[PDB]
$ cat work-v9.cif   # mmCIF, N, CA and C atoms
data_final
#
loop_
_atom_site.group_PDB
_atom_site.id
_atom_site.type_symbol
_atom_site.label_atom_id
_atom_site.label_comp_id
_atom_site.auth_asym_id
_atom_site.auth_seq_id
_atom_site.Cartn_x
_atom_site.Cartn_y
_atom_site.Cartn_z
ATOM 1 N N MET A 1 174.240 112.239 113.318
ATOM 2 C CA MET A 1 173.084 111.528 112.728
ATOM 3 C C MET A 1 171.865 112.437 112.715
ATOM 4 N N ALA A 2 170.874 112.076 111.914
ATOM 5 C CA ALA A 2 169.630 112.819 111.852
ATOM 6 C C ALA A 2 168.460 111.860 111.671
ATOM 7 N N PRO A 3 167.451 111.948 112.549
ATOM 8 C CA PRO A 3 166.291 111.054 112.516
ATOM 9 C C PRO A 3 165.367 111.338 111.335
ATOM 10 N N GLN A 4 164.518 110.377 111.016
ATOM 11 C CA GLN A 4 163.606 110.501 109.893
ATOM 12 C C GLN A 4 162.158 110.352 110.355
ATOM 13 N N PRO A 5 161.413 111.461 110.420
ATOM 14 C CA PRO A 5 159.994 111.438 110.758
ATOM 15 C C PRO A 5 159.119 111.205 109.526
ATOM 16 N N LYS A 6 157.811 111.119 109.737
ATOM 17 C CA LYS A 6 156.865 110.934 108.641
ATOM 18 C C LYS A 6 155.447 111.273 109.092
ATOM 19 N N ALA A 7 154.590 111.576 108.134
ATOM 20 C CA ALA A 7 153.193 111.856 108.417
ATOM 21 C C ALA A 7 152.313 111.347 107.288
ATOM 22 N N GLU A 8 151.355 110.502 107.631
ATOM 23 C CA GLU A 8 150.425 109.957 106.654
ATOM 24 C C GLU A 8 149.407 111.015 106.237
ATOM 25 N N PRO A 9 149.393 111.379 104.948
ATOM 26 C CA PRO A 9 148.467 112.371 104.413
ATOM 27 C C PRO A 9 147.072 111.788 104.198
ATOM 28 N N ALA A 10 146.057 112.512 104.639
ATOM 29 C CA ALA A 10 144.682 112.058 104.500
ATOM 30 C C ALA A 10 143.963 112.845 103.411
ATOM 31 N N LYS A 11 143.216 112.149 102.569
ATOM 32 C CA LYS A 11 142.471 112.790 101.498
ATOM 33 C C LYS A 11 140.972 112.642 101.732
ATOM 34 N N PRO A 12 140.228 113.756 101.682
ATOM 35 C CA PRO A 12 138.783 113.763 101.925
ATOM 36 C C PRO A 12 138.013 112.994 100.854
ATOM 37 N N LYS A 13 137.028 112.221 101.286
ATOM 38 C CA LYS A 13 136.204 111.444 100.372
ATOM 39 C C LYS A 13 135.145 112.328 99.722
ATOM 40 N N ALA A 14 134.663 111.910 98.561
ATOM 41 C CA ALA A 14 133.641 112.654 97.842
ATOM 42 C C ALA A 14 132.452 111.753 97.524
ATOM 43 N N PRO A 15 131.553 111.554 98.498
ATOM 44 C CA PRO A 15 130.374 110.716 98.319
ATOM 45 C C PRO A 15 129.227 111.461 97.638
ATOM 46 N N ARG A 16 128.327 110.712 97.015
ATOM 47 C CA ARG A 16 127.173 111.297 96.345
ATOM 48 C C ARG A 16 125.973 110.364 96.446
ATOM 49 N N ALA A 17 125.365 110.328 97.623
ATOM 50 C CA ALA A 17 124.234 109.449 97.871
ATOM 51 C C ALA A 17 122.974 109.967 97.192
ATOM 52 N N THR A 18 122.121 109.047 96.783
ATOM 53 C CA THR A 18 120.845 109.394 96.188
ATOM 54 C C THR A 18 119.803 109.624 97.285
ATOM 55 N N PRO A 19 119.028 110.713 97.196
ATOM 56 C CA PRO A 19 118.028 111.054 98.209
ATOM 57 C C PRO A 19 116.836 110.098 98.214
ATOM 58 N N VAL A 20 116.058 110.113 97.139
ATOM 59 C CA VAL A 20 114.791 109.392 97.107
ATOM 60 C C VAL A 20 114.898 108.049 96.375
ATOM 61 N N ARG A 21 114.385 107.014 97.025
ATOM 62 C CA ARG A 21 114.354 105.663 96.484
ATOM 63 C C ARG A 21 112.925 105.275 96.129
ATOM 64 N N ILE A 22 112.744 104.502 95.067
ATOM 65 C CA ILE A 22 111.428 103.972 94.753
ATOM 66 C C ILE A 22 111.245 102.621 95.443
ATOM 67 N N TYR A 23 110.119 102.459 96.117
ATOM 68 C CA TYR A 23 109.862 101.259 96.889
ATOM 69 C C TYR A 23 108.497 100.686 96.554
ATOM 70 N N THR A 24 108.485 99.573 95.850
ATOM 71 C CA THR A 24 107.243 98.874 95.556
ATOM 72 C C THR A 24 106.989 97.782 96.594
ATOM 73 N N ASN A 25 107.630 97.925 97.747
ATOM 74 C CA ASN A 25 107.519 96.945 98.813
ATOM 75 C C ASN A 25 107.074 97.608 100.106
ATOM 76 N N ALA A 26 105.789 97.500 100.417
ATOM 77 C CA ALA A 26 105.263 98.029 101.670
ATOM 78 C C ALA A 26 105.866 97.278 102.850
ATOM 79 N N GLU A 27 106.231 96.024 102.597
ATOM 80 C CA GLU A 27 106.891 95.183 103.590
ATOM 81 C C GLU A 27 108.132 95.870 104.139
ATOM 82 N N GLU A 28 108.842 96.556 103.257
ATOM 83 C CA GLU A 28 110.055 97.256 103.624
ATOM 84 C C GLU A 28 109.752 98.380 104.597
ATOM 85 N N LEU A 29 108.766 99.197 104.249
ATOM 86 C CA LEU A 29 108.421 100.364 105.047
ATOM 87 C C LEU A 29 107.930 99.947 106.428
ATOM 88 N N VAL A 30 107.057 98.948 106.465
ATOM 89 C CA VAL A 30 106.528 98.446 107.727
ATOM 90 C C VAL A 30 107.641 97.828 108.572
ATOM 91 N N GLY A 31 108.673 97.321 107.912
ATOM 92 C CA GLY A 31 109.753 96.662 108.618
ATOM 93 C C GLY A 31 110.971 97.548 108.784
ATOM 94 N N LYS A 32 110.760 98.857 108.788
ATOM 95 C CA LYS A 32 111.851 99.802 108.964
ATOM 96 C C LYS A 32 111.389 101.031 109.740
ATOM 97 N N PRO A 33 112.303 101.664 110.490
ATOM 98 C CA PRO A 33 112.031 102.933 111.159
ATOM 99 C C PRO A 33 111.938 104.073 110.151
ATOM 100 N N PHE A 34 110.728 104.532 109.904
ATOM 101 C CA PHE A 34 110.497 105.546 108.895
ATOM 102 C C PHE A 34 109.477 106.567 109.381
ATOM 103 N N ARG A 35 109.522 107.745 108.789
ATOM 104 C CA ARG A 35 108.630 108.831 109.144
ATOM 105 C C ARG A 35 107.610 109.051 108.032
ATOM 106 N N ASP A 36 106.336 109.001 108.392
ATOM 107 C CA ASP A 36 105.260 109.181 107.426
ATOM 108 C C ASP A 36 105.018 110.661 107.159
ATOM 109 N N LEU A 37 104.864 111.011 105.891
ATOM 110 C CA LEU A 37 104.616 112.391 105.505
ATOM 111 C C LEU A 37 103.272 112.511 104.796
ATOM 112 N N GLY A 38 103.217 112.044 103.561
ATOM 113 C CA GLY A 38 101.985 112.118 102.797
ATOM 114 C C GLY A 38 102.140 111.520 101.425
ATOM 115 N N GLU A 39 101.035 111.114 100.833
ATOM 116 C CA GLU A 39 101.059 110.490 99.523
ATOM 117 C C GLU A 39 101.269 111.534 98.434
ATOM 118 N N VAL A 40 102.172 111.247 97.513
ATOM 119 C CA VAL A 40 102.463 112.161 96.426
ATOM 120 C C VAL A 40 102.179 111.491 95.083
ATOM 121 N N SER A 41 101.854 112.287 94.083
ATOM 122 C CA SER A 41 101.569 111.754 92.767
ATOM 123 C C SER A 41 102.425 112.429 91.702
ATOM 124 N N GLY A 42 102.771 111.666 90.684
ATOM 125 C CA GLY A 42 103.471 112.202 89.542
ATOM 126 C C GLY A 42 102.722 111.904 88.266
ATOM 127 N N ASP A 43 102.147 112.931 87.671
ATOM 128 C CA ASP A 43 101.331 112.757 86.482
ATOM 129 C C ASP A 43 101.925 113.501 85.299
ATOM 130 N N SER A 44 101.921 112.841 84.161
ATOM 131 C CA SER A 44 102.386 113.433 82.926
ATOM 132 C C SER A 44 101.313 113.282 81.852
ATOM 133 N N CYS A 45 100.554 114.348 81.628
ATOM 134 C CA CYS A 45 99.465 114.320 80.660
ATOM 135 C C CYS A 45 99.936 114.829 79.307
ATOM 136 N N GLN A 46 99.367 114.268 78.254
ATOM 137 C CA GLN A 46 99.632 114.720 76.902
ATOM 138 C C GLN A 46 98.375 115.299 76.288
ATOM 139 N N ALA A 47 98.356 116.609 76.101
ATOM 140 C CA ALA A 47 97.260 117.249 75.397
ATOM 141 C C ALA A 47 97.323 116.860 73.930
ATOM 142 N N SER A 48 98.546 116.678 73.461
ATOM 143 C CA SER A 48 98.811 116.220 72.114
ATOM 144 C C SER A 48 100.154 115.498 72.098
ATOM 145 N N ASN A 49 100.493 114.864 70.980
ATOM 146 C CA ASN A 49 101.764 114.148 70.862
ATOM 147 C C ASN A 49 102.918 115.124 70.653
ATOM 148 N N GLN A 50 102.597 116.410 70.670
ATOM 149 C CA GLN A 50 103.598 117.462 70.579
ATOM 150 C C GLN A 50 104.451 117.479 71.848
ATOM 151 N N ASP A 51 103.841 117.063 72.953
ATOM 152 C CA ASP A 51 104.502 117.054 74.256
ATOM 153 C C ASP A 51 105.509 115.901 74.349
ATOM 154 N N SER A 52 106.013 115.639 75.548
ATOM 155 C CA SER A 52 106.971 114.560 75.748
ATOM 156 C C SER A 52 106.271 113.321 76.292
ATOM 157 N N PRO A 53 106.535 112.155 75.673
ATOM 158 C CA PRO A 53 105.769 110.915 75.898
ATOM 159 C C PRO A 53 105.564 110.571 77.374
ATOM 160 N N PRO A 54 104.335 110.181 77.741
ATOM 161 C CA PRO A 54 103.981 109.865 79.118
ATOM 162 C C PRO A 54 104.379 108.454 79.500
ATOM 163 N N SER A 55 105.668 108.261 79.619
ATOM 164 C CA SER A 55 106.217 106.996 80.029
ATOM 165 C C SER A 55 106.041 106.801 81.533
ATOM 166 N N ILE A 56 105.849 105.554 81.947
ATOM 167 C CA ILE A 56 105.730 105.218 83.362
ATOM 168 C C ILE A 56 106.954 105.702 84.166
ATOM 169 N N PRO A 57 108.206 105.489 83.687
ATOM 170 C CA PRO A 57 109.398 106.007 84.375
ATOM 171 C C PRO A 57 109.433 107.534 84.397
ATOM 172 N N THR A 58 108.775 108.143 83.418
ATOM 173 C CA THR A 58 108.681 109.593 83.339
ATOM 174 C C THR A 58 107.779 110.129 84.457
ATOM 175 N N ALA A 59 106.567 109.585 84.548
ATOM 176 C CA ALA A 59 105.642 109.942 85.619
ATOM 177 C C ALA A 59 106.224 109.567 86.979
ATOM 178 N N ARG A 60 106.959 108.459 87.005
ATOM 179 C CA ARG A 60 107.617 107.989 88.217
ATOM 180 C C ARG A 60 108.663 108.986 88.685
ATOM 181 N N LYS A 61 109.380 109.582 87.741
ATOM 182 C CA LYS A 61 110.396 110.569 88.068
ATOM 183 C C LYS A 61 109.751 111.861 88.544
ATOM 184 N N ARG A 62 108.632 112.222 87.927
ATOM 185 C CA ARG A 62 107.864 113.390 88.350
ATOM 186 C C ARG A 62 107.400 113.215 89.793
ATOM 187 N N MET A 63 106.895 112.025 90.090
ATOM 188 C CA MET A 63 106.464 111.670 91.435
ATOM 189 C C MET A 63 107.650 111.674 92.399
ATOM 190 N N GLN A 64 108.783 111.173 91.923
ATOM 191 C CA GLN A 64 110.002 111.107 92.717
ATOM 192 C C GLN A 64 110.489 112.500 93.102
ATOM 193 N N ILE A 65 110.474 113.417 92.141
ATOM 194 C CA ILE A 65 110.891 114.794 92.379
ATOM 195 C C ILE A 65 109.914 115.495 93.320
ATOM 196 N N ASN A 66 108.630 115.216 93.138
ATOM 197 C CA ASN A 66 107.595 115.776 93.997
ATOM 198 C C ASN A 66 107.790 115.304 95.432
ATOM 199 N N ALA A 67 108.151 114.038 95.578
ATOM 200 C CA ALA A 67 108.427 113.464 96.884
ATOM 201 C C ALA A 67 109.673 114.084 97.509
ATOM 202 N N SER A 68 110.734 114.218 96.722
ATOM 203 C CA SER A 68 111.993 114.746 97.232
ATOM 204 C C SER A 68 111.842 116.205 97.656
ATOM 205 N N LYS A 69 111.028 116.956 96.920
ATOM 206 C CA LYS A 69 110.758 118.349 97.259
ATOM 207 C C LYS A 69 109.767 118.435 98.419
ATOM 208 N N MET A 70 109.321 117.278 98.890
ATOM 209 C CA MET A 70 108.454 117.203 100.059
ATOM 210 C C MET A 70 109.245 116.681 101.251
ATOM 211 N N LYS A 71 110.570 116.693 101.105
ATOM 212 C CA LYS A 71 111.488 116.229 102.140
ATOM 213 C C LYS A 71 111.347 114.726 102.374
ATOM 214 N N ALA A 72 110.904 114.010 101.348
ATOM 215 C CA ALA A 72 110.831 112.559 101.412
ATOM 216 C C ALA A 72 112.071 111.942 100.776
ATOM 217 N N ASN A 73 112.352 110.692 101.114
ATOM 218 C CA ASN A 73 113.523 110.002 100.581
ATOM 219 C C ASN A 73 113.158 108.594 100.116
ATOM 220 N N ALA A 74 111.870 108.292 100.136
ATOM 221 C CA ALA A 74 111.379 106.984 99.729
ATOM 222 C C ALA A 74 109.926 107.083 99.286
ATOM 223 N N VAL A 75 109.632 106.597 98.092
ATOM 224 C CA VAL A 75 108.272 106.631 97.577
ATOM 225 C C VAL A 75 107.698 105.229 97.479
ATOM 226 N N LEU A 76 106.727 104.947 98.332
ATOM 227 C CA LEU A 76 106.029 103.676 98.321
ATOM 228 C C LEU A 76 105.074 103.627 97.134
ATOM 229 N N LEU A 77 105.592 103.191 95.995
ATOM 230 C CA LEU A 77 104.831 103.145 94.756
ATOM 231 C C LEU A 77 103.656 102.182 94.881
ATOM 232 N N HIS A 78 102.469 102.665 94.558
ATOM 233 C CA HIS A 78 101.269 101.848 94.657
ATOM 234 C C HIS A 78 100.731 101.518 93.274
ATOM 235 N N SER A 79 100.374 102.544 92.521
ATOM 236 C CA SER A 79 99.794 102.337 91.204
ATOM 237 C C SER A 79 100.360 103.315 90.184
ATOM 238 N N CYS A 80 100.936 102.777 89.121
ATOM 239 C CA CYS A 80 101.377 103.590 87.999
ATOM 240 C C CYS A 80 100.367 103.457 86.872
ATOM 241 N N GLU A 81 99.281 104.200 86.987
ATOM 242 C CA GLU A 81 98.152 104.040 86.090
ATOM 243 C C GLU A 81 98.172 105.069 84.973
ATOM 244 N N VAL A 82 98.327 104.593 83.751
ATOM 245 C CA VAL A 82 98.273 105.460 82.590
ATOM 246 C C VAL A 82 96.862 105.460 82.008
ATOM 247 N N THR A 83 96.191 106.583 82.152
ATOM 248 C CA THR A 83 94.826 106.735 81.683
ATOM 249 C C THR A 83 94.813 107.369 80.295
ATOM 250 N N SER A 84 94.080 106.764 79.377
ATOM 251 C CA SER A 84 94.040 107.241 78.009
ATOM 252 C C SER A 84 92.603 107.392 77.527
ATOM 253 N N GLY A 85 92.418 108.228 76.514
ATOM 254 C CA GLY A 85 91.102 108.421 75.936
ATOM 255 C C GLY A 85 90.393 109.630 76.506
ATOM 256 N N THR A 86 91.009 110.248 77.497
ATOM 257 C CA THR A 86 90.446 111.424 78.137
ATOM 258 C C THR A 86 90.552 112.649 77.230
ATOM 259 N N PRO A 87 89.424 113.315 76.946
ATOM 260 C CA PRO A 87 89.413 114.540 76.142
ATOM 261 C C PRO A 87 90.253 115.641 76.782
ATOM 262 N N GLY A 88 91.293 116.058 76.080
ATOM 263 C CA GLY A 88 92.201 117.052 76.611
ATOM 264 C C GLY A 88 93.494 116.432 77.091
ATOM 265 N N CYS A 89 93.385 115.271 77.710
ATOM 266 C CA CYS A 89 94.550 114.525 78.155
ATOM 267 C C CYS A 89 94.550 113.158 77.489
ATOM 268 N N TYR A 90 94.956 113.147 76.221
ATOM 269 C CA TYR A 90 94.950 111.947 75.391
ATOM 270 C C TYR A 90 95.617 110.772 76.108
ATOM 271 N N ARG A 91 96.772 111.036 76.689
ATOM 272 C CA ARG A 91 97.509 110.023 77.424
ATOM 273 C C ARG A 91 98.110 110.639 78.682
ATOM 274 N N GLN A 92 97.535 110.330 79.830
ATOM 275 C CA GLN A 92 98.014 110.870 81.092
ATOM 276 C C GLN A 92 98.461 109.749 82.018
ATOM 277 N N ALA A 93 99.761 109.639 82.222
ATOM 278 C CA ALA A 93 100.304 108.624 83.110
ATOM 279 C C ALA A 93 100.431 109.174 84.524
ATOM 280 N N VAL A 94 99.698 108.580 85.455
ATOM 281 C CA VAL A 94 99.712 109.021 86.841
ATOM 282 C C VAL A 94 100.273 107.933 87.750
ATOM 283 N N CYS A 95 101.461 108.161 88.278
ATOM 284 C CA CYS A 95 102.054 107.241 89.233
ATOM 285 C C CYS A 95 101.854 107.772 90.649
ATOM 286 N N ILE A 96 101.166 107.005 91.481
ATOM 287 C CA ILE A 96 100.869 107.430 92.843
ATOM 288 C C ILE A 96 101.594 106.557 93.864
ATOM 289 N N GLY A 97 102.228 107.204 94.833
ATOM 290 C CA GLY A 97 102.909 106.496 95.892
ATOM 291 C C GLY A 97 103.099 107.363 97.118
ATOM 292 N N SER A 98 103.226 106.733 98.273
ATOM 293 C CA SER A 98 103.378 107.459 99.524
ATOM 294 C C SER A 98 104.786 108.034 99.658
ATOM 295 N N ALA A 99 104.876 109.310 99.993
ATOM 296 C CA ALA A 99 106.162 109.956 100.185
ATOM 297 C C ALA A 99 106.566 109.878 101.649
ATOM 298 N N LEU A 100 107.519 109.003 101.932
ATOM 299 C CA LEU A 100 107.990 108.776 103.291
ATOM 300 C C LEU A 100 109.457 109.169 103.414
ATOM 301 N N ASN A 101 109.930 109.280 104.643
ATOM 302 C CA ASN A 101 111.348 109.454 104.903
ATOM 303 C C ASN A 101 111.820 108.310 105.790
ATOM 304 N N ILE A 102 113.113 108.044 105.816
ATOM 305 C CA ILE A 102 113.631 106.950 106.618
ATOM 306 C C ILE A 102 114.426 107.477 107.800
ATOM 307 N N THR A 103 113.927 107.212 108.991
ATOM 308 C CA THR A 103 114.583 107.639 110.210
ATOM 309 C C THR A 103 115.427 106.500 110.780
ATOM 310 N N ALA A 104 116.605 106.304 110.202
ATOM 311 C CA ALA A 104 117.484 105.216 110.604
ATOM 312 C C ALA A 104 118.616 105.736 111.481
ATOM 313 N N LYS A 105 118.387 106.885 112.094
ATOM 314 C CA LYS A 105 119.365 107.492 112.975
ATOM 315 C C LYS A 105 118.715 107.833 114.303
#
$ encode --input "work-v9.cif" --output "structure tokens"
Amino acid sequence: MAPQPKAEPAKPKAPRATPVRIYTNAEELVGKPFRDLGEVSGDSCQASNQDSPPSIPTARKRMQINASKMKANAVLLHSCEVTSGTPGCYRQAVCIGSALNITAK
């Protein structure tokens, strides 16, 4: 006779978590273990319509990238103010929010 062994093969997982989250809820930050860094802004000005449109999500993404490059993972969005009529910056969308990190470990 001859016995029959076996071995369960394991396959490595491939996760892809998102770094920075947008948070319009200060309640969340106050109610969570987080590390304060500094307020970051994302502004997209248009000298002319030749540029790329100053959408709120556009300025928000600029702010998000600025936050992430500041080692932040959460942006406490406060005001997404699009200012218009400014000479030189016909339409400048400025989204301002605090760049924080979450210390949940």
$ residues_around --input "work-v9.cif" --residues "region 45-58 of chain A" --least-positions-apart "5" --cutoff "6.5 Å" --atoms "all atoms listed in the file" --output "number ranges by chain"
A: 63, 88-93
$ select_by_dssp --input "work-v9.cif" --residues "region 15-82 of chain A" --states "strand (DSSP E or B)" --output "list in words"
residues 21, 22, 23, 34, 35, 36, 37, 38, 39, 40, 41, 42, 43, 44, 45, 46, 74, 75, 76, 77, 78, 79, 80, 81 and 82 of chain A
$ resolve_selection --input "work-v9.cif" --expression "the PyMOL selection byres ((chain A and resi 20) around 8)" --output "VMD selection string"
chain A and resid 17 to 19 21 to 23 64 to 65 67 to 68 72 to 75
$ resolve_selection --input "work-v9.cif" --expression "the PyMOL selection byres ((chain A and resi 25-35) around 8)" --output "list in words"
residues 22, 23, 24, 36, 37, 38, 75, 76, 77, 78, 99, 100, 101, 102, 103, 104 and 105 of chain A
$ select_by_dssp --input "work-v9.cif" --residues "chain A" --states "helix (DSSP H, G or I)" --output "number ranges by chain"
A: 26-30, 56-68
$ resolve_selection --input "work-v9.cif" --expression "the PyMOL selection byres (((chain A and resi 96 and name CA) around 6) and name CA)" --output "list in words"
residues 41, 78, 79, 95 and 97 of chain A
$ axis_aligned_box --input "work-v9.cif" --around "region 57-62 of chain A" --padding-each-side "3 Å" --output "lines of an AutoDock Vina configuration file"
center_x = 108.0
center_y = 109.4
center_z = 86.6
size_x = 10.8
size_y = 13.9
size_z = 12.5
$ atom_distance --input "work-v9.cif" --atom1 "CA of residue 80 (chain A)" --atom2 "CA of residue 39 (chain A)"
13.4 Å
$ atom_distance --input "work-v9.cif" --atom1 "CA of residue 61 (chain A)" --atom2 "CA of residue 44 (chain A)"
9.9 Å
$ atom_distance --input "work-v9.cif" --atom1 "CA of residue 59 (chain A)" --atom2 "CA of residue 86 (chain A)"
17.0 Å
